[PDB]
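All remarks here apply to the structure that follows.
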Amino acid sequence: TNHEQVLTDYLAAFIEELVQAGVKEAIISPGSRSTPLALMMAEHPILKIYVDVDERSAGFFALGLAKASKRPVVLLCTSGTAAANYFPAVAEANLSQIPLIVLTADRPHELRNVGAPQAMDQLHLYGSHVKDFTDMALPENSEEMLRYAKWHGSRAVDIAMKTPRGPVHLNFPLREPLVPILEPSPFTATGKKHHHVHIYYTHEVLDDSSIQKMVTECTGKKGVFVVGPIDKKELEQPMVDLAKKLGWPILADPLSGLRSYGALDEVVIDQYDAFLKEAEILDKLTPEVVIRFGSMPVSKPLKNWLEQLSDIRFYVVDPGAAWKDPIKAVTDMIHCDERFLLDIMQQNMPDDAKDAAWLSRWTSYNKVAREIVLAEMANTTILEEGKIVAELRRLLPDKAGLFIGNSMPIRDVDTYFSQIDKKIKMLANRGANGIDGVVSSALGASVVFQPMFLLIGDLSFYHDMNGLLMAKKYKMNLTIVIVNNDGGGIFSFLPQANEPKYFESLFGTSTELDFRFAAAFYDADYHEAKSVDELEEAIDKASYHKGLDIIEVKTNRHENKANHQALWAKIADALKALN
Amino acid sequence: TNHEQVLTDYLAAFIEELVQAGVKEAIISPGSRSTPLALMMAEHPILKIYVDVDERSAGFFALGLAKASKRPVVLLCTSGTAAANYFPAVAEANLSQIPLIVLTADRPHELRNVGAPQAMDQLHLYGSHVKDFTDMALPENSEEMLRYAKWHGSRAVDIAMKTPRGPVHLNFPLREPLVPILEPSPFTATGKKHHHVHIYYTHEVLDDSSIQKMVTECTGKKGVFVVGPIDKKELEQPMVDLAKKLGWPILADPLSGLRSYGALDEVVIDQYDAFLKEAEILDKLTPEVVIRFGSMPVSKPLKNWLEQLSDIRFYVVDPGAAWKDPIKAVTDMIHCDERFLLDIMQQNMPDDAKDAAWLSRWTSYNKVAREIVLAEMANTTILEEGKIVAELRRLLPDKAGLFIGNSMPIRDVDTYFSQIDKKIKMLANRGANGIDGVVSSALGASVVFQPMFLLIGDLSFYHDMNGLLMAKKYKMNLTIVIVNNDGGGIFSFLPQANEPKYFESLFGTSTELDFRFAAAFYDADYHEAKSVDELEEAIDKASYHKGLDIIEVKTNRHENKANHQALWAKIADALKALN
Amino acid sequence: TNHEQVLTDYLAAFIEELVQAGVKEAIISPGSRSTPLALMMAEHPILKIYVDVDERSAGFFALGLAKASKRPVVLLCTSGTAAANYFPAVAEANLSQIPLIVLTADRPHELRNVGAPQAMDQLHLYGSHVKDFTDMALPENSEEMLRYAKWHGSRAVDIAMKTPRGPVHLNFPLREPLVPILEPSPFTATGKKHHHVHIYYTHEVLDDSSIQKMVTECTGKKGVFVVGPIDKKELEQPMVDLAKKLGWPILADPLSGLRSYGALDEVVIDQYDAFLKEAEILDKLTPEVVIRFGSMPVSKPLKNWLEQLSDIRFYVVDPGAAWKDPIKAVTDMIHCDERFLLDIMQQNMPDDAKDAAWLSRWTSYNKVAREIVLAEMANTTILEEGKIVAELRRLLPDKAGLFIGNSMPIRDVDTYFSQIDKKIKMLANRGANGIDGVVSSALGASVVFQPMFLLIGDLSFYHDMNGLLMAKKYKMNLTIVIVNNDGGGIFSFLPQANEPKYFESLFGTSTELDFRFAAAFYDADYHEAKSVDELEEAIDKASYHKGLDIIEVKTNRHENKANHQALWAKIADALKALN
Ligand SMILES: Cc1ncc(C[n+]2csc(CCOP(=O)(O)OP(=O)(O)O)c2C)c(N)n1
Ligand SMILES: Cc1ncc(C[n+]2csc(CCOP(=O)(O)OP(=O)(O)O)c2C)c(N)n1
Ligand SMILES: Cc1ncc(C[n+]2csc(CCOP(=O)(O)OP(=O)(O)O)c2C)c(N)n1
Ligand SMILES: [Mg+2]
Ligand SMILES: [Mg+2]
Ligand SMILES: [Mg+2]
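Chains as they are written, first to last, in the entry's author numbering: chain A, 2 to 580; chain A', 2 to 580; chain A'', 2 to 580. A prime marks a further copy of an entry chain.
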């Protein structure tokens with residue numbers, strides 16, 4: 002009894018502090034060693050629990066939920082290889098700056114590295130892929146240890162939510178017996194117990210000298226904004242307003258939110274991946290200033306171009322000093338909040354240093370290429386990869402969420418998803434660009450945004466098929482469009498597709514999986530879209546179905562390259578003739 | 002020749018970027034594998050070089066120089082155990098937030114973990130004791146690799162200087178031949194080469210909602226400032242002004258600069274370590290708000306007291322989110338720049354919510370205890386430990402630097418160094434409180450502050466005796482006062498001094514070293530102070546000697562406890578009788 | 002009392018098991034957090050204690066003691082940077098396979114990574130430089146925890162003594178109070194307590210098929226033994242006997258023991274470093290089989306030669322699978338005990354497959370070069386570096402220990418120390434070849450071997466001058482010969498000595514230290530040897546002095562290269578003319 006009471010007081014002070022620090026959800030995996038942490042978080046009247054038996058799927062589920070809500074999400078698993086399954090989501094959360102509080106149970110010291118069953122060295126388990134690691138003490142209920150448990154609870158959340166955000170790992174060695182005292186409840190009916198650690202909201206700010214320096218050096222310059230994947234509060238309207246004020250184009254990634262923030266503007270460029278391939282056009286586009294926001298864009302033609310830009314002022318806005326610059330072209334590094342920098346320029350830059358011909362050159366190429374793409378997709382009935390993205394852009398409701406898988410789906414959105422006057426929250430795992438856990442990440446984001454849709458390739462869908470168990474047992478609403486080209490279509494473009502001897506076994510891995518059976522395994526409505534009218538009917542059915550939908554579109558891998566190169570050629574020819 | 006030219010271009014782009022990022026000094030240790038980095042930094046016309054053959058002493062030398070100048074200092078050593086000798090200074094720089102750029106040469110990949118001579122695994126050599134680690138590529142002079150070398154040069158300094166500051170480690174695998182091309186020079190006479198990465202000055206700022214919350218909750222409260230070891234720009238006058246505006250006492254550590262910033266004030270409390278021992282007095286001192294600045298103070302009576310303060314608002318100002326709170330008593334954590342918080346309250350707090358009786362209670366106990374200490378030291382001729390500190394407080398010139406060793410010297414400054422109207426820059430290694438490398442740290446700080454003095458115990462002086470070689474070969478000016486009590490006097494107070502069986506062998510380690518010979522080994526003027534007049538004459542001689550001075554004062558270890566407890570009792574008796 | 006009794010039972014079970022596992026000595030550094038471990042090891046009636054206040058010197062002291070006695074030696078230090086000072090000795094013990102049991106005290110969990118005084122992250126402190134790491138639990142005296150403490154005590158020693166031997170690290174978080182119960186004694190007067198874990202002696206053995214394979218492929222081959230630094234039991238006579246049986250030369254490093262095992266033989270080659278420089282001679286020396294023992298030899302001419310040997314069978318004997326092969330020339334890797342392989346060939350190889358002309362070619366070049374060196378040193382009166390080694394070879398008593406420093410001293414022994422019919426145990430730190438801690442390592446080895454001598458350069462002597470404090474307080478007997486060339490003489494041979502602009506500041510670091518004062522600081526008899534007769538008289542005085550002796554010989558750095566190249570030329574000319 003004394004042992005169980007110590008175990009209860011120790012974890013109650015830690016769990017209550019997680020809730021008071023802003024944790025609302027906890028994704029738990031079943032286990033015997035994690036029993037005291039799992040039971041008490043379920044007993045907590047505010048913490049919402051999601052139980053996932055696949056630890057790999059559970060990690061990405063919590064990852065998507067945190068990525069969509071900007072909220073710190075708790076993960077719990079038992080000792081052993083269950084904690085090793087968190088590594089893909091932890092590495093992705095570290096490179097994408099997602100606040101995951103990873104709690105892993107462990108054997109006590111007497112059962113560590115002694116060959117005990119379900120025992121594993123978990124000290125610094127994730128290496129440098131967490132912002133901080135803590136090996137908690139064995140449960141003690143003394144005054145200093147109860148305040149030590151609350152201290153680490155507030156510290157874990159604060160370090161995870163501190164810019165640059167990222168995952169934190171806490172290891173809990175737990176000694177048997179493992180059943181705490183839940184009656185009476187350890188969170189409620191405990192008077193004179195509140196001792197919350199309030200954390201104040203802070204943000205980084207440029208000096209007055211730094212502000213004057215950049216305002217002076219950016220006035221009257223032919224500048225270009227490059228906004229890659231970035232998910233901060235708002236920021237979509239302030240970026241457009243500053244670009245209108247300066248007359249600068251915004252090379253906007255699909256994941257920047259600028260292609261679908263609810264309105265149309267004349268500064269967002271969404272065809273750069275297309276026309277930056279043309280050499281005869283880059284002459285008139287050479288800028289003097291480049292100001293980067295967020296991560297690096299998916300566009301590889303946007304890369305290379307920025308890589309060869311010589312004798313320019315290349316600003317990079319990096320609030321956390323993460324130093325994400327894969328081209329190493331940075332000339333001026335800025336470590337301040339993006340919202341602050343946008344406002345501080347909005348009311349300091351001159352209101353009339355706008356070379357109209359500069360923005361006219363970018364918007365001309367962009368709007369001409371934009372309509373050639375929309376023309377080729379409107380006049381086709383073959384449901385090619387680009388057509389799937391085009392019809393999604395047309396059929397998605399306002400205030401809808403769209404999770405985009407890596408590989409071809411994210412690159413096809415960059416090519417075939419122009420700016421539209423609807424609010425579409427777009428997410429993707431762009432830390433390591435892994436095809437793993439995409440289904441769970443979308444399901445976690447479906448807790449926040451509704452209606453939620455997922456554009457994903459076939460290989461990636463198989464990878465995290467287990468995620469769908471969360472959709473089945475929690476009655477979740479998600480519409481999954483599978484671009485089943487039966488293998489890896491990303492490898493038809495890369496130069497390995499010309500050697501046919503070992504292709505289709507090392508790269509284009511054919512699966513021949515009938516996803517209709519997988520849709521039945523997870524209680525999902527299945528539709529095979531063979532025509533444009535069928536794909537429509539399926540999407541319209543998915544809105545009237547509050548549940549899991551799967552819309553498979555079989556495409557041809559060996560025809561993608563020709564379709565994309567035919568479109569890119571028609572764009573280059575038209576833009577070459579422009580004066 | 003092509004190999005040597007590649008080696009020259011690669012390192013020149015890296016070294017020039019370190020200089021342009023603010024590096025002015027480089028402490029180098031001799032070695033064959035570090036040849037190309039050592040020769041090129043010496044060839045650089047701006048980088049100043051200090052050569053130290055003891056790598057342990059070299060690390061602490063650079064540590065003191067960075068700690069005194071707020072400048073990022075480069076360390077260079079060769080492959081092998083030479084890099085292992087950096088670990089004490091690196092661990093101290095990490096816990097004390099000092100920007101050290103640790104560069105360690107290494108064997109190329111073909112000579113790594115193959116039993117090669119002077120080869121050692123140096124990947125993540127310092128573990129979590131560096132903010133970042135980089136294993137540089139083998140030298141390449143391609144366009145991308147030359148920009149990669151400059152990129153890491155600017156990144157290393159920026160990450161090290163970014164709050165919370167700390168050391169960074171870069172490993173350089175270097176392949177033979179190792180002699181670069183210095184004629185013509187690779188830094189000058191190289192046109193169209195400037196591509197510096199300018200970093201802008203940023204700082205953290207509280208939100209408007211956070212400012213309003215704290216101003217409201219601190220108005221009219223019986224608050225107390227606790228300023229431990231902190232070395233930021235200025236901050237000494239703003240703290241006193243805010244405390245005068247609010248009527249709050251400042252429990253000021255010696256290393257906070259508030260005991261010697263050039264003026265006298267009526268809010269700094271420098272006797273708390275004395276009177277917080279008395280139980281009958283703490284009744285009238287119980288506060289409602291505690292606002293902490295800097296690290297944790299050396300005073301252990303200031304600890305315990307703050308540890309048992311219940312039902313208070315315990316603010317902790319932590320610009321880097323380092324979470325330094327060994328008592329875990331934090332109620333409100335603040336992650337903003339200290340200067341910003343001081344100003345934002347200076348002009349938001351009410352100018353008239355001052356309970357005069359509150360500050361009167363603290364200053365009464367402080368000024369009475371302050372004069373009892375000064376009376377006991379003025380009326381004594383025995384050169385006890387407290388008397389040495391007292392006479393230093395009287396004889397030090399204005400705008401002088403005083404490095405204080407750990408163990409008893411730092412605690413005797415806290416007891417016997419009241420606030421004085423002189424500007425005395427006080428430093429100490431308070432990250433891990435190691436008695437190692439204190440001499441080198443003082444010598445590094447002597448490059449910045451002059452005249453420089455060092456109060457150090459005998460065991461600590463022996464520990465880093467090799468540091469004095471830097472003073473001999475570089476004609477450095479430092480006056481070292483050795484409190485030779487022949488062992489560890491810190492262990493006479495702790496409860497291990499009552500068992501005499503194994504004492505004097507495990508704790509009070511007698512050395513019987515005649516430091517007169519050590520002073521001759523390093524070309525230093527030696528003085529043995531036996532009386533107060535002799536200690537004076539020696540200090541006055543040290544100012545007229547531009548060089549190294551060593552003033553030894555032999556004290557009795559077994560009489561320290563009685564002297565300190567007699568003084569503390571006379572203070573407690575007087576303050577008990579106060580109404 | 003209950004807390005102190007738990008602390009006593011916990012550590013007593015651990016310390017007693019270290020003693021029963023073969024630990025006889027413990028090198029302790031003073032500290033407050035290490036109080037319970039330090040007091041109890043002193044209380045133990047079998048464990049011998051050495052107290053060293055320099056943790057860096059303490060590590061190398063224990064390193065030398067373990068390297069000389071083949072016994073596992075315990076290190077103890079307090080929490081903080083004191084444990085960081087162990088890193089050079091730990092890295093050297095890992096690369097040289099020395100069984101060090103590194104015990105570091107630590108703060109309890111509530112004081113870990115919270116900014117506590119003298120606190121430092123010590124989890125995996127030494128990274129990959131230890132064979133194993135253990136973070137011990139807080140003291141508990143339950144039945145399972147007392148057996149857990151004994152378990153780790155037996156496991157630490159066993160893992161450290163297991164081939165390949167190496168250091169192990171155990172971290173002890175200790176909570177106050179820290180004073181255990183020593184009266185009554187916790188080791189004696191404790192009936193029904195013996196539960197020792199006996200470890201049986203095991204060794205690796207080749208299969209019958211592996212034995213038949215190598216005996217067949219080595220019969221009648223022109224083979225060569227290469228024995229680098231190796232310190233196993235005996236092995237000196239078995240190697241010579243097998244080489245006599247096969248007719249194979251033994252290219253023997255000075256640290257192989259084959260140049261001074263008590264007798265003269267006709268198979269040990271000690272001039273290879275000299276004559277392998279000559280190109281016209283290597284023609285007749287090309288072998289078919291190379292069998293390597295121990296580490297890689299210091300000779301760089303022995304390197305390169307073995308590196309370009311093509312189409313040979315290069316065997317490497319590696320009992321621990323450490324894979325020490327810096328030339329990567331291995332063709333047949335053998336993971337068995339050296340003694341077993343020597344015997345198994347001694348009685349399986351044919352007794353008559355000896356090409357007399359093969360061994361005659363090696364011994365001819367060796368004996369001619371050997372006498373040219375001895376002639377040049379016998380006919381000179383200038384006390385050059387080679388002459389110092391020559392006179393040491395003549396004046397050292399039988400059954401004497403000689404510690405050799407790195408840099409030039411070890412290379413001068415390889416050149417000027419021919420095989421002699423005296424038993425001279427030669428040691429050196431050849432893991433990383435660091436010039437640090439050489440004095441302490443020699444002093445630790447002086448506990449085992451007597452009389453002990455140390456040949457060391459001036460820079461290396463200064464590096465670990467603090468080691469001499471152990472000689473002063475423990476009345477140790479060691480005769481130190483300092484080859485003071487006032488800087489780094491190793492850099493006059495390397496190709497950096499032709500650029501005089503930055504030489505003598507980066508490589509030849511002149512110190513101008515009068516080591517006579519350092520000898521007085523440590524109560525040592527000092528002699529300056531200016532002639533050959535003076536160096537003799539000093540050595541003869543050192544045998545009649547039971548204590549610390551220091552014999553300084555000032556040499557010229559800028560004349561070493563010419564002296565060595567003149568000798569090497571006279572050898573090459575004579576050996577070129579040989580038929
Ligand atoms: C976890 C993971 N495994 C492997 C890869 C390598 N990879 C990149 S794209 C790709 C093909 C994925 O195919 P699919 O999801 O069907 O996309 P599409 O066919 O539309 O290109 C693979 C295996 C990866 N990025 N992440
Ligand atoms: C590197 C290091 N080793 C050991 C310790 C443990 N320690 C703390 S205080 C102390 C005594 C130092 O003695 P000294 O410098 O002479 O001071 P005083 O006698 O004035 O107390 C020791 C060994 C430490 N803090 N750092
Ligand atoms: C700890 C360490 N620091 C630096 C080096 C680089 N190093 C190799 S040899 C040498 C010179 C040492 O000089 P000394 O001991 O006087 O030898 P000698 O002059 O006889 O060559 C140095 C600094 C090293 N091997 N180990
Ligand atoms: Mg696919
Ligand atoms: Mg002392
Ligand atoms: Mg020398």
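We put the CB at the ideal spot given by N, CA and C, even for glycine.
- At a cut-off of 8 Å between beta carbons, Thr-416 (chain A'') makes no contact with chain A'.
- Residues of the segment 88-107 of chain A with a C-beta atom less than 8 Å from some C-beta of chain A' do not occur.
- Per DSSP, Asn-3 (chain A') is not a residue of any beta strand (DSSP E); the alpha helix (DSSP H) it occupies stretches across 3-21.
- Closer than 7 Å to some heavy atom of ligand 5: that describes the Cβ of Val-484 (chain A').
- Under the Cβ distance rule, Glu-17 (chain A) does not count among the residues neighbouring chain A', no pair being separated by less than 8 Å.
- Nearest to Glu-553 (chain A') by C-alpha distance, out of A':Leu-236, A':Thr-82, A':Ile-50 and A':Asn-486, is A':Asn-486.
- For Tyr-273 (chain A'), the enclosing alpha helix (DSSP H) covers residues 273-276.
- The beta-bridge partner set that DSSP reports for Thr-217 (chain A'') is empty.
- In this structure, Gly-128 (chain A') sits away from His-199 (chain A''), with a CB-CB distance that is not shorter than 8 Å.
- Under the Cβ distance rule, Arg-57 (chain A') counts among the residues neighbouring chain A'', one pair being separated by less than 8 Å.
- For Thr-512 (chain A''), the nearest beta carbon of chain A' is closer than 8 Å to its own beta carbon.
- Listed by position along chain A, the residues whose Cβ is nearer than 9 Å to that of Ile-292 (chain A') form an empty set, because the closest Cβ is around 13 Å away.
- Annotation for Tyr-527 (chain A): the continuous beta strand (DSSP E) segment containing it runs 526-529.
- The alpha carbon of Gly-432 (chain A'') has as its nearest neighbour, out of A':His-4, A':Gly-81 and A':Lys-193, the alpha carbon of A':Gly-81.
- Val-74 (chain A'') and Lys-25 (chain A'') have their C-alpha atoms spaced approximately 7 Å apart.
- At a Cβ-Cβ threshold of 8 Å, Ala-63 (chain A'') and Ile-28 (chain A'') count as neighbours.
- Contact between the segment 447-467 of chain A'' and the segment 395-405 of chain A'' is present: 3 or more CB-CB pairs across the two stretches fall below 8 Å.
- Excluding sequence positions up to five before and after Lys-542 (chain A), its CB lies less than 6 Å from no other CB in the same chain.
- At least 8 Å separates the beta-carbon of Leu-243 (chain A) from that of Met-334 (chain A).
- Contacts between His-130 (chain A) and chain A'', judged by CB atoms closer than 8 Å, are missing: the closest CB pair is about 16 Å apart.
- Separation of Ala-83 (chain A) and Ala-106 (chain A) (C-alpha to C-alpha, rounded to the nearest whole angstrom) is 10 Å.
- The way I'd put it, the segment 407-414 of chain A'' does touch the segment 453-469 of chain A''; three or more beta-carbon pairs between them come closer than 8 Å.
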